[PDB]
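Let's start with one chain on its own, the form deposited in one PDB entry, as structure tokens.
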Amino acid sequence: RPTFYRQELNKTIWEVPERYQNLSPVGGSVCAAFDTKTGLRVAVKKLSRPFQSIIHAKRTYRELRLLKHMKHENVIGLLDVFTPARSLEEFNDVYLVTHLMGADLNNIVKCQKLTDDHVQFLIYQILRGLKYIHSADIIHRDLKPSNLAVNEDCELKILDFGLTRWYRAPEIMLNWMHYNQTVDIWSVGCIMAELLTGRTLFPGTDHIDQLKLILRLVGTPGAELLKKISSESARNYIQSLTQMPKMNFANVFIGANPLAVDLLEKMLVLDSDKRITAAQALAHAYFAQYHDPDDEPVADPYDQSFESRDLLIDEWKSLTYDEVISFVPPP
């Protein structure tokens, strides 16, 4: 056990090892810090109320398990995980540490008007990280520019997976019974469109508005999609929405690389069964200059059987404690 010093960052008490100096809030709570062990800037996240409820306890365990499993260049991974506690009894706080990239994609789009090459590299990396995430049978579920950290060389890492409404898949704007991994592809589509235009694709004011804007672009469900709607009332709620014809993306994203438009058409399909997968997208001609089938790795099997179980708070906290102790830092 290293030396743990205390500090106060905005009404919040922070107890971390001495290797972590210069804590600075960046906004659980997160603080930027200097790792005197590597000389690099890191992001330290202190979970709020880790074990306040069963749901909170399970979520804490979930996040720790996820982060400990992710080992990919384009996915946030764990540099360290610690707790001031010295035993299971005092165990009450969880701190996670990872690379601090510099900025998020949201900030990059604000100022800089990205070139086609930029959007190729950026989207390529997101898909490369996604292929890895999806290979572990994990769904991000909330991909958006603020969840994408980028460094000075525009290298990217995906944050907060497996845990605005502008990038959410239409099926997840409805409580459609069990969605697949392509909900993440829909999000990538929305992100790509925005990196290309500099404008939000579907900037809905609220829930209803969001769906209306999506339908104006991709049109109302065709016959083939309708045939798969098991719910009768949901089937009418669809047709009750103004009939919208599918827009030709070429006429929407004027001046964009034709291959970019083609890819967007394959990601922004209303029917999730017809959406391009991450692996397929990586082989699309749009990424010819970045694609390397021998350098787009997949993950080791991820045991997530814990998701189906209902345990007591102390049980979830004990399991979380076990994961903290069993942690082996990167090379």
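Numbers for residues come from their place in the sequence shown, where the first is 1. Under this definition, the rigid core comprises the largest set of C-alpha atoms superposing within 1.5 Å between the forms.
One more form of this protein exists, namely the form deposited in another entry; it is left out here, but the text below deals with it.
(message) Superposing on the rigid core, I want to see if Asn251 changes position between this form and the one not shown - specifically a Cα shift of 2 Å or more.
(response) No.
(request) Return yes or no for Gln120: a CA shift of at least 2 Å between this form and the one not shown, with the rigid core superposed? (result) No: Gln120 shifts by under 2 Å between this form and the one not shown.
(message) Once both forms sit on the same rigid core, is the C-alpha displacement of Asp209 at or above 2 Å between this form and the one not shown?
(response) Result for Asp209: yes, a 2 Å-plus shift.
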